[PDB]
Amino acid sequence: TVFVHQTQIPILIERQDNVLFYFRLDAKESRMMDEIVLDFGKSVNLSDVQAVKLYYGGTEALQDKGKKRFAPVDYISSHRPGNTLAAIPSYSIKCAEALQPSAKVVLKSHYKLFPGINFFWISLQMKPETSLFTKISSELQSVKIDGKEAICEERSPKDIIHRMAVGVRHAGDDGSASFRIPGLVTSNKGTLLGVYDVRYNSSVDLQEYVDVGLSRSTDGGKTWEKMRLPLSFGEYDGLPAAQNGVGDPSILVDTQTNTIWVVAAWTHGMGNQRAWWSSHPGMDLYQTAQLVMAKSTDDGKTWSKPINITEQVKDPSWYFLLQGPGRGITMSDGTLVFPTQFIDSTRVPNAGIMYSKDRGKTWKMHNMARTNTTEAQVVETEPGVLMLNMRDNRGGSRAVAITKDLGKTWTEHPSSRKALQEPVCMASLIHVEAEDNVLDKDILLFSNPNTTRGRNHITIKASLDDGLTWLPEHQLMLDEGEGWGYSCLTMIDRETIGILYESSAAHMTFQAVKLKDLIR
């Protein structure tokens, strides 16, 4: 009797509903759902909560009792264009509400049960001005059925903390079906800058009507400005906009000048097919994907015309050359570095880096880090030494490599193919210097789906010993839900981590986490 699951998924601040708990019972001997009691004392900033709601979901198909679902369907969608904010009315009947609650919330349903499986769920609704650092605790006190307490089975953790998030981009925003590839940095002015594919027609990759979009925050990621487009080719050379896609962007800040650079892959032509199969050897727009960039010198507010750098660094034998999605870095000595990946003449992906020594006028690549690798992120552990963490096509474990010569030679790391599990997905790696964080320690931050299979359990991890060890104690999982998996970390300020990722709640989900919360 009474099976309970508490969610560990971001709570979107602007959402009208958020899934907090699921409930399932086979009503063999049970007549009426009387009430459900929860304690929110333990939350910080309980005042931020607009409402807590109880909803009746369905019953189940008789043949499917063994599936032991906690719901018959997803009650809220992150994919329905322009319909991601409220519970889908036809899937759920609201049976109780608690407005501006104190610690003790009683949800009085008094709801006739179906003779068989019965589903219920609780919804959390925040106020618009909710703080990013608001934390909601919701401890289940009791479930009453027929005038008396029922036995509950709750296999989910009891110490869950529901964290806040903003859906920077939701499905359907500004006429676009989807938003996919996140990149996040912090400017010298402290300005947050999020870039992504805006995939207008569908969620499909590479060749399609795709621009790279940008969201900019001047308040620590609490609010975001109207979307900008750093890169957009339209009907270039008289090909349809869907044959001029540009996406999979990466972003870096030039810490010497605050110039912001975004690099992306411009694919010309190729019909309606995947550019991973469609880009062919050669050098021009007729033949092969173009490596193009834009720059901002006014803190991300406006952007230059595109700059095609394909000639500078692309080997014509290669099928496909593009940045590694996410972010790049300015080194100690002022060098600019972007992770790279190319499909060679044998059709094998290889991760590497490219660099500019002249504020981004000219770029240069040496050699690959490892064969059969794709998306990577790169970090400077000490001056002159770069660590390349890479999506590895073999098994499910991040590959790591080291270069002290900007990619001429590579040294495998002790952690490579062992310390960080992946389902073969993008991962984010950043490095923070002691003087730049309140822990006065040197740390590697990492975020990815924490599994070998499935894109879910997006998890932030920290290392204190140069990426040798990643202690459970210094991890935090944000989203147990199924999503697209990509993420990008940044330091918001000296005490605060930022994350922009594809969650199960929203295509572009932003969350802020105090450094001390993660590490301690």
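We number the residues from 1 along the sequence you see.
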* Structure fact -> Mean Cα B-factor check, 296 to 304 vs 317 to 325, entry values; winner is 317 to 325
* **Which of 246 to 254 and 425 to 433 has higher mean CA B factor, as the PDB entry lists it** => 425 to 433
* Looking at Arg199, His170, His280, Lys94, which has the highest Cα B-factor in the entry? -> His280
* Among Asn118, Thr411, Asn83, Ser131, which residue carries the highest C-alpha B-factor recorded in the PDB entry? -> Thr411
* Taking the values exactly as deposited, rank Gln287 by C-alpha B-factor within its chain and report the matching third: lowest, middle or highest. => middle
* Lowest, middle or highest third: where is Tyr486 by Cα B-factor in its chain? -> middle
* For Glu382, does the deposited CA B-factor place it in the lowest, middle or highest third of the chain? -> highest
* Would you mind ranking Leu478 by its C-alpha B-factor against the rest of the chain and naming the third, lowest, middle or highest? => middle
* C-alpha B factor of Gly41, ranked within the chain: lowest, middle or highest third? -> middle
